[PDB]
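Participant: If you read the protein sequences in the order shown, they are chains L, E, D, F, H, J, C, I and A. Going by PDB author numbering, the first sequence runs without a break in its numbering and finishes at 217. Going by PDB author numbering, the second sequence runs without a break in its numbering and finishes at 150. Going by PDB author numbering, the third sequence runs without a break in its numbering and finishes at 190. Going by PDB author numbering, the fourth sequence runs without a break in its numbering and finishes at 220. Going by PDB author numbering, the fifth sequence runs without a break in its numbering and finishes at 145. Going by PDB author numbering, the sixth sequence runs without a break in its numbering and finishes at 40. Going by PDB author numbering, the seventh sequence runs without a break in its numbering and finishes at 81. Going by PDB author numbering, the eighth sequence runs without a break in its numbering and finishes at 33. Going by PDB author numbering, the ninth sequence runs without a break in its numbering and finishes at 75. Idealized CB from N, CA, C, for every residue including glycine. Sharing a structure with you now.
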Amino acid sequence: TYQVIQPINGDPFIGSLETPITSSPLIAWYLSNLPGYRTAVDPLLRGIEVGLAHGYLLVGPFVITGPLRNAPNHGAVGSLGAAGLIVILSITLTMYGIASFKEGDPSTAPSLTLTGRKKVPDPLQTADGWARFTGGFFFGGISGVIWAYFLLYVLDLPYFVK
Amino acid sequence: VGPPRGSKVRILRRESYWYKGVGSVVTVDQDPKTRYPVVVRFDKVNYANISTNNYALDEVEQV
Amino acid sequence: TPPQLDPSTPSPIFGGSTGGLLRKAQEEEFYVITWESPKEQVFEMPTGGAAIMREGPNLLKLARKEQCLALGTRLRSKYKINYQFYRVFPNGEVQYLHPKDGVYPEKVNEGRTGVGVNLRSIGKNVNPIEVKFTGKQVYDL
Amino acid sequence: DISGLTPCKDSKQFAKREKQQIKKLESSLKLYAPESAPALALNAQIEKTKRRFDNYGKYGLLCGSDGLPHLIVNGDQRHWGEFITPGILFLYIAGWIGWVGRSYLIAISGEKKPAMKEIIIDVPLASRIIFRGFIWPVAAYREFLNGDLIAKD
Amino acid sequence: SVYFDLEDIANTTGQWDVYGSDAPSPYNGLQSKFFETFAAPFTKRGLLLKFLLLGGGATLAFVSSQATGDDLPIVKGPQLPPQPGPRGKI
Amino acid sequence: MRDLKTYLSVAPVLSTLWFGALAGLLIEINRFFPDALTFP
Amino acid sequence: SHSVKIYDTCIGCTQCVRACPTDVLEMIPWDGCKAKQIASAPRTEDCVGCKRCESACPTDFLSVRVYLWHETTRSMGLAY
Amino acid sequence: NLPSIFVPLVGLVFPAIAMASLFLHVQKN
Amino acid sequence: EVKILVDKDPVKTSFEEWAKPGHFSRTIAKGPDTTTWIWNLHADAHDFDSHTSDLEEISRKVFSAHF
Ligand code: CLA
Ligand code: CLA
Ligand code: CLA
Ligand code: CLA
Ligand SMILES: CC1=C(/C=C/C(C)=C/C=C/C(C)=C\C=C\C=C(C)\C=C\C=C(C)\C=C\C2=C(C)CCCC2(C)C)C(C)(C)CCC1
Ligand SMILES: CCCCCCCS[C@@H]1O[C@H](CO)[C@@H](O)[C@H](O)[C@H]1O
Ligand SMILES: CCCCCCCS[C@@H]1O[C@H](CO)[C@@H](O)[C@H](O)[C@H]1O
Ligand SMILES: CCCCCCCS[C@@H]1O[C@H](CO)[C@@H](O)[C@H](O)[C@H]1O
Ligand code: SF4
Ligand code: SF4
């Protein structure tokens with residue numbers, strides 16, 4: 056008949072399976088267009104995008120659920136907490152990069168596509184690439200926290216939940 | 088060579104389960120290249136449910 | 050015996066599973082078991098599920114030596130099939146493992162030299178103080 | 068008396084405990100007809116309590132400052148009925164049991180498979196052995212002198 | 056038909072980049088130049104770790120030292136007469 | 001008959017009979033000589 | 002890698018070798034026992050330490066002894 | 005005065021620095 | 009076809025197996041050497057598919073145990 060689930064890349068002895076969750080064209084395109092999988096571009100810009108998303112998303116919970124949520128100063132306090140969390144995350148990223156990558160070693164990323172075509176391995180899995188990524192992450196996260204604060208409590212836009 | 092077959096023998100091997108006990112000699116190997124020729128059968132089973140063991144000529148005392 | 054080499058023989062028919070190779074095979078090693086079957090037949094896989102072994106040569110890649118030996122003993126006991134397996138490294142180096150001498154290890158064979166044989170009873174090992182401040186163990190003497 | 072305790076025939080707390088027990092029992096008597104069976108059963112309990120307290124008074128037990136009997140174990144000749152005589156009787160029964168067990172274990176030792184008489188008991192042999200514990204002190208002493216009690220390994 | 060090649064161990068063991076994309080940069084050139092210029096100082100991992108740890112510690116200490124009684128109850132302090140002890144102790 | 005007597009000599013059956021007799025004896029002694037704290 | 006040792010109380014019934022899950026032991030010619038064969042452990046780098054051989058040992062005390070030693074990726078049975 | 009400065013240092017900053025240093029030490033080679 | 013299918017007098021009613029503890033299994037029927045046997049007798053009492061490999065023999069046993 057017609058079966059949907061197939062072995063990964065046609066190899067039945069690799070510990071994975073091809074399912075609509077993992078191999079559908081829409082999800083494949085979406086994952087390929089995320090900054091974490093853009094192999095052929097400077098990791099600094101990708102880290103900028105990642106930090107801009109994450110620091111922006113982190114503002115809400117700190118501002119609204121925090122201890123000073125009912126104070127008139129709740130927005131600034133929550134934004135400061137989100138910035139501190141971004142700083143801690145950047146520290147963790149730097150620690151991982153220092154522990155994982157030596158300066159002279161080449162990339163640990165795969166050099167083959169699913170079709171067996173040779174490609175340039177991702178420079179994100181090198182010391183310099185990871186350093187650029189975490190610097191971009193810090194710069195983007197601080198900017199995203201500041202932008203969320205500016206949109207919520209400097210222009211005071213009529214957001215339903217603030 | 089060795090204790091007569093069917094005799095009663097005391098075990099002198101320290102690590103044996105039947106140390107300082109008494110068993111019965113079944114057969115004794117006559118090959119001089121055999122390290123532990125005396126075959127002994129015991130009334131009690133060891134921790135591995137085995138009732139027979141081989142011992143050297145100096146680990147067995149005739150009683 | 051001169052160990053056999055590793056051809057490009059086909060693999061058993063299998064639908065795939067989550068119990069196969071992981072990144073350890075990419076960076077450390079994996080194992081390859083080869084056998085010969087007289088007919089296509091069902092066999093349980095050591096990683097879960099049931100596969101179809103083809104008639105003729107069969108080659109299967111696994112993550113551990115224990116998986117290869119378990120599958121081999123199952124083949125020998127149930128299907129009466131002789132088997133071999135090898136260790137393959139990331140740089141393409143292949144090391145022949147079993148049966149090492151061409152004869153299964155439970156059967157005595159000439160040309161083998163004992164390793165780790167102590168010419169004493171287990172009760173004659175020396176006490177720890179005799180090997181204290183030396184790097185040697187009591188059972189290595 | 069001993070250790071500052073007073074005899075239970077003199078102590079007022081003992082009598083107060085006896086009075087309160089009877090009063091507690093008599094409160095449930097009010098909920099039943101004077102001729103009913105539960106009324107007859109609580110009356111039997113009241114008589115049992117009265118007899119218990121009277122016996123504890125008569126036997127000459129010592130009671131503390133709480134109205135409860137206290138046992139004297141040191142060896143006083145007027146308190147042997149609390150530890151010494153019961154202890155001797157216990158030591159006679161337990162030695163009986165141990166000696167009958169030992170004789171049965173010895174009697175089945177020299178057989179082909181003596182583990183079958185340990186899960187399926189030879190009842191006639193046990194009947195033979197059982198009544199030898201009545202003189203267990205004499206035999207236990209006598210195998211001590213000869214040397215049939217202890218295995219010298 | 057065969058998934059075992061000694062000359063290609065990466066293909067044999069599944070060393071593939073599944074969702075990796077080799078497409079060029081989707082970002083605008085001016086924006087990338089701006090970010091490259093203004094994020095360059097943070098790309099030194101040795102400097103970044105020391106700067107983050109020390110500056111974060113100093114900022115935490117400074118903020119804790121500048122907190123008022125409105126922000127923290129511990130800074131406000133007690134406002135009620137103290138309770139007495141179980142047996143007259145103070 | 002012989003086999004049934006052999007079965008009644010097994011450990012659990014003999015044990016329950018013996019302990020039942022012991023329990024009955026102790027219960028009757030306590031019924032006729034209750035509340036004994038000492039040995040007169 | 003764990004340490005596997007063989008003592009001359011061996012009777013050569015080959016019980017340890019066919020109980021090995023990783024093919025560590027084998028049988029070699031000998032003259033100290035009636036079977037004219039003794040066990041050997043030439044591949045202790047594949048030892049996992051499950052001590053299945055000692056469960057198959059008929060001699061008293063054991064003729065094959067396993068001592069748990071430094072741990073490797075092979076000795077811990079890791080497939081990842 | 006001092007507690008408001010010292011408590012964050014001992015409770016947060018010093019454990020973080022020590023954890024980072026120890027992690028970098030144990031991940032060496 | 010669906011019909012009643014029985015076998016007449018398959019097992020003889022006797023007290024002989026009552027006097028032999030562990031008769032139901034090959035290993036336990038030989039008698040005890042250690043105390044472990046005493047436990048093994050009770051743990052394997054109702055493990056019918058370990059006593060015999062015959063499906064019919066097992067099924068009859070469960071049918072009577074339900075009664
Ligand atoms: C609070 C947690 C949290 C949140 C809300 C986000 C949110 C986001 N991340 Mg992110 N991330 C997180 C933690 C988080 N991250 C952590 C811990 C890491 C470290 C590994 C990352 C690393 C990371 C990278 C490297 C990237 C993102 C990206 C993104 C964005 C794209 C989301 C996406 O494609 O998801 C995809 C999600 C998956 C593939 C995970 C699988 C989801 C499974 C199948 C089901 C989901 C579970 C379900 C939602 C749970 C709900 C049920 C529950 C109520 C019981 C988005 C803003 C991307 C970005 O920056 O885009 C701009 C990007 O490239 N993240
Ligand atoms: C023949 C019966 C018998 C005899 C003579 C002894 C004698 C002894 N046991 Mg012992 N024991 C027995 C049965 C027996 N045991 C059984 C059945 C068990 C298993 C529950 C034990 C478990 C046991 C332990 C764990 C310990 C002893 C110890 C001891 C010694 C000190 C006394 C003691 O602590 O008693 C205590 C005795 C018990 C707690 C068990 C009594 C069980 C009943 C009363 C015996 C019934 C025997 C049999 C069913 C009746 C035979 C009937 C026959 C005529 C058909 C002493 C040499 C101690 C020791 O070695 O220190 C020196 C010790 O630590 N025994
Ligand atoms: C001694 C240890 C210690 C100390 C001093 C604190 C201190 C604090 N915790 Mg906390 N916590 C601790 C251990 C500790 N925690 C542990 C072990 C847990 C796990 C059980 C938690 C879980 C916890 C939760 C869940 C929450 C806190 C919160 C808080 C804050 C409450 C004050 C307030 O209302 O202002 C609120 C003030 C702000 C939100 C603004 C803070 C802005 C800071 C000062 C910016 C500086 C950050 C800096 C750059 C990063 C330095 C990191 C370092 C590694 C270098 C306060 C800063 C609450 C909070 O809001 O903090 C985020 C809160 O929700 N804590
Ligand atoms: C109708 C339901 C049913 C049936 C027909 C079976 C049947 C079976 N089970 Mg099973 N089981 C059941 C329910 C059932 N089970 C349930 C509900 C559980 C979860 C608790 C289990 C868990 C279970 C396990 C884990 C195992 C079995 C096994 C077995 C097989 C051997 C049974 C045997 O010999 O026991 C012999 C009977 C005993 C040894 C008696 C045990 C006495 C219990 C533990 C005491 C109960 C406490 C009691 C209520 C309180 C008394 C107080 C006290 C003071 C008197 C047999 C085919 C075993 C097997 O090998 O299967 C092939 C096995 O390993 N079963
Ligand atoms: C006087 C008195 C007292 C004291 C007591 C004492 C101090 C005791 C001691 C004791 C001792 C110090 C003992 C010892 C011992 C030793 C030994 C060594 C023993 C042994 C035994 C045996 C051996 C037995 C056996 C047997 C029999 C005979 C029977 C049963 C069975 C059998 C076999 C087991 C008191 C105060 C309490 C109280 C009062 C009285
Ligand atoms: C070893 C325990 C202490 C020994 C005590 C010796 C007995 S003491 C003895 O005890 C009698 C009651 O038993 C009393 O009547 C008498 O007055 C008293 O002297
Ligand atoms: C270890 C603490 C001392 C243990 C003493 C155990 C025996 S206690 C002894 O038991 C007798 C049984 O009837 C009672 O009659 C008697 O009143 C009681 O003292
Ligand atoms: C009351 C004392 C006499 C009680 C006799 C009960 C049966 S005696 C019974 O006989 C069986 C053979 O029939 C033996 O196998 C078993 O060992 C024995 O206990
Ligand atoms: S340890 Fe496990 S594997 Fe190594 S020898 Fe003994 S049994 Fe065979
Ligand atoms: S098991 Fe005991 S006997 Fe059998 S081979 Fe290993 S050592 Fe020699």
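#1: Output needed for residue 37(A): all residues of its chain with C-beta closer than 7 Å, excluding positions within five of it in sequence on either side, in chain order.
#2: Just mark residue 97(H) as buried or exposed, buried being the case when its beta carbon has 16 or more other beta carbons within 10 Å.
#3: According to DSSP, which residues form a beta bridge with residue 84(D)?
#4: Return yes when at least one heavy atom of ligand 4 lies under 8 Å from the C-beta of residue 189(D), else no.
#5: Shorter than 8 Å, the distance from the beta carbon of residue 143(L) to the closest heavy atom of ligand 3, or not?
#6: Taking residue 160(D) as the reference, give the member of 170(D), 149(D), 168(D) and 167(D) with the closest Cα.
#7: Taking 8 Å as the cut-off, is the beta-carbon of residue 27(A) closer than that to any non-hydrogen atom of ligand 8?
#8: Does the Cβ-Cβ distance between residue 152(L) and residue 182(L) come in under 9 Å?
#9: Considering only residues of the same chain and omitting the five flanking positions on each side of residue 63(L), which have a CB-CB separation below 7 Å?
#10: Under the three-state reduction of DSSP, which class applies to residue 166(D): helix, strand or coil?
#11: Under a Cβ-count criterion, where at least 16 other Cβ atoms within 10 Å of its own Cβ denotes burial, should residue 84(D) be classed as buried or exposed?
#12: Taking C-beta pairs closer than 9 Å, name the residues in chain L that residue 18(I) reaches, listed in chain order.
#13: I'd like the list of long-range same chain contacts for residue 15(C), defined as Cβ closer than 7 Å, with 5 residues on each side in sequence excluded.
#14: Less than 9 Å between the C-beta atoms of residue 92(L) and residue 76(H), yes or no?
#15: For a test of your reading of the model: does the CB of residue 135(E) fall under 8 Å from any non-hydrogen atom of ligand 9? Yes or no.
#16: Heavy atom of ligand 5 less than 8 Å from the Cβ of residue 161(F), yes or no?
#17: Alpha helix (DSSP H) containing residue 87(F): first to last residue?
#18: Residues of chain D with CB under 9 Å from residue 97(E), in chain order?
#19: Take the Cβ of residue 104(L) as the centre, count every other Cβ of all protein chains shown within 10 Å, and call the residue buried at 16 or more, exposed below.
#20: Using a cut-off of 7 Å between C-beta atoms, extract the partners of residue 50(C) located in chain D.
#21: Does any heavy atom of ligand 7 sit closer than 8 Å to the C-beta of residue 42(A)?
#22: Could you give the first and the last residue of the continuous alpha helix (DSSP H) run that contains residue 100(H)?
#23: Determine the burial state of residue 147(L): buried for a count of at least 16 other Cβ atoms within 10 Å of its Cβ, exposed for fewer.
#24: Confirm the yes/no value for this check: CB of residue 101(L), any heavy atom of ligand 1, distance under 8 Å.
#25: For residue 3(C) versus residue 56(C), is the C-beta spacing smaller than 9 Å?
#26: Distance check for residue 139(D) and residue 110(D), CA to CA, integer angstroms please.
#27: Collect the residues with a C-beta less than 7 Å away from any heavy atom of ligand 6 and give them in sequence order along the chain.
#28: Return the first residue and the last residue of the beta strand (DSSP E) that residue 112(E) is part of.
#29: Closer than 7 Å, Cβ to any Cβ of chain E: which residues of the stretch 89–104 of chain D, in chain order?
#30: Residues bridged to residue 139(E) by DSSP?
#31: Return helix, strand or coil for residue 204(L), following the three-state DSSP convention.
#32: To the nearest angstrom, report how far apart residue 177(F) and residue 13(J) are at their CA atoms.
#33: Exposed or buried, which one is residue 116(D) when buried takes at least 16 other CB atoms within 10 Å?
#34: Taking the beta carbon of residue 34(A) as the centre, do at least 16 other beta carbons fall within 10 Å, making it buried, or is it exposed?
#35: So, does the CB of residue 26(I) fall closer than 9 Å to a CB anywhere in chain H?
#36: Anything in chain H within Cβ reach of residue 94(L), meaning under 8 Å, just list it in chain order.
Facilitator: The relevant details are as follows:
#1: In the ninth sequence, counting from the first residue as 1, residue 37(A) sits at position 29. Contacts found: 28, 30 and 31.
#2: Locating residue 97(H) in the fifth sequence gives position 42, where the first residue counts as 1. Buried, because 16 or more other Cβ atoms sit within 10 Å of the Cβ of residue 97(H).
#3: For the purposes of this step, residue 84(D) is taken as the residue at position 35 of the third sequence. 107(D) and 132(D).
#4: Start at 1 with the first residue of the third sequence, and residue 189(D) comes out as number 140. Because no heavy atom of ligand 4 lies under 8 Å away, the Cβ of residue 189(D) does not count as near it: no.
#5: As a working note, residue 143(L) is residue 88 in the first sequence. Yes; taking the cut-off as 8 Å, the Cβ of residue 143(L) has a heavy atom of ligand 3 nearer than that.
#6: Locating residue 160(D) in the third sequence gives position 111, counting from the first residue. Of the candidates 170(D), 149(D), 168(D) and 167(D), the one whose C-alpha sits nearest the C-alpha of residue 160(D) is 149(D).
#7: By 1-based counting over the ninth sequence, the position of residue 27(A) is 19. Checking every heavy atom of ligand 8 against the Cβ of residue 27(A), one is found closer than 8 Å.
#8: Within the first sequence, the letter at position 97 stands for residue 152(L). Within the first sequence, the letter at position 127 stands for residue 182(L). It is a contact, given that the beta carbons lie within the stated cut-off.
#9: The count along the first sequence starts at 1 and reaches residue 63(L) at position 8. So the list reads 69, 71, 72 and 73, once near-sequence residues are dropped.
#10: For the purposes of this step, residue 166(D) is taken as the residue at position 117 of the third sequence. DSSP places residue 166(D) in strand when its eight states are reduced to three.
#11: Taking the first residue of the third sequence as position 1, residue 84(D) is located at position 35. Residue burial annotation: residue 84(D) is buried, with at least 16 other C-beta atoms found within 10 angstroms of its C-beta.
#12: Within the eighth sequence, residue 18(I) is the residue found at index 14, counting from 1. Result: empty, since nearest Cβ-Cβ is about 14 Å, beyond 9 Å.
#13: For this step, residue 15(C) is matched to residue 14 along the seventh sequence. So the qualifying residues of the chain are 28.
#14: For the purposes of this step, residue 92(L) is identified with residue 37 of the first sequence, where counting begins at 1. For the purposes of this step, residue 76(H) is identified with residue 21 of the fifth sequence, where counting begins at 1. Residue 76(H) is positioned such that its CB atom lies closer than 9 Å to that of residue 92(L).
#15: For the purposes of this step, residue 135(E) is taken as residue 48 along the second sequence, with counting starting at 1. No, ligand 9 has no heavy atom inside 8 Å of this Cβ.
#16: Here residue 161(F) refers to the residue found at position 94 when the fourth sequence is read from its first residue. Yes, the Cβ of residue 161(F) comes within 8 Å of a heavy atom of ligand 5.
#17: For the purposes of this step, residue 87(F) is taken as the residue at position 20 of the fourth sequence. Bounds of the alpha helix (DSSP H) holding residue 87(F) are 79–96.
#18: As a first step, residue 97(E) must be located in the second sequence, where it is residue number 10. Within 9 Å Cβ-Cβ: nothing; residue 97(E) doesn't reach chain D, min ~17 Å.
#19: For the purposes of this step, residue 104(L) is taken as residue 49 along the first sequence, with counting starting at 1. Classification of residue 104(L): buried, given that the 10 Å Cβ count is 16 or more.
#20: Numbered from its first residue, the seventh sequence carries residue 50(C) at position 49. What residue 50(C) touches in chain D: nothing, since even the nearest Cβ is about 12 Å away.
#21: As a first step, residue 42(A) is located in the ninth sequence; it is residue number 34 there, counting from the start. Answer for residue 42(A): no, Cβ out of range of ligand 7.
#22: Taking the first residue of the fifth sequence as 1, we reach residue 100(H) at position 45. In the DSSP assignment, residue 100(H) falls within the alpha helix (DSSP H) that extends over 100–121.
#23: On the first sequence, residue 147(L) is found 92 positions in, with the first residue counted as 1. Exposed, since its Cβ has fewer than 16 Cβ neighbours within 10 Å.
#24: On the first sequence, residue 101(L) is found 46 positions in, with the first residue counted as 1. Yes - ligand 1 has a heavy atom lying nearer than 8 Å to the Cβ of residue 101(L).
#25: Your numbering for residue 3(C) matches position 2 in the seventh sequence. Your numbering for residue 56(C) matches position 55 in the seventh sequence. Not closer than 9 Å, so no.
#26: What you label residue 110(D) is simply residue 61 of the third sequence in a count that begins at 1. What you label residue 139(D) is simply residue 90 of the third sequence in a count that begins at 1. Rounded to whole angstroms, residue 110(D) to residue 139(D) spans 14 Å at the Cα level.
#27: 141(F), 142(F), 143(F), 144(F) and 145(F)
#28: The sequence position of residue 112(E) within the second sequence is 25, counting from 1. Unbroken beta strand (DSSP E) run through residue 112(E): 109–115.
#29: none
#30: Numbered from its first residue, the second sequence carries residue 139(E) at position 52. Paired residue(s): 128(E).
#31: Working through the first sequence from its first residue, we reach residue 204(L) at position 149. Residue state, collapsed to three classes: helix.
#32: On the fourth sequence, position 110 is the one that residue 177(F) refers to. On the sixth sequence, position 13 is the one that residue 13(J) refers to. Going from the Cα of residue 177(F) to the Cα of residue 13(J) covers about 25 Å.
#33: Numbered from 1 along the third sequence, position 67 holds the residue referred to as residue 116(D). Here residue 116(D) is buried: its Cβ has 16 or more other Cβ atoms, across all protein chains shown, within 10 Å.
#34: Against the ninth sequence, residue 34(A) aligns to sequence position 26. Exposed, because fewer than 16 other Cβ atoms sit within 10 Å of the Cβ of residue 34(A).
#35: For the purposes of this step, residue 26(I) is taken as residue 22 along the eighth sequence, with counting starting at 1. Answer no: the Cβ-Cβ gap between residue 26(I) and chain H never drops below 9 Å.
#36: Numbered from its first residue, the first sequence carries residue 94(L) at position 39. Going along chain H in sequence order, the residues near residue 94(L) (Cβ under 8 Å) are 72, 75, 76 and 77.
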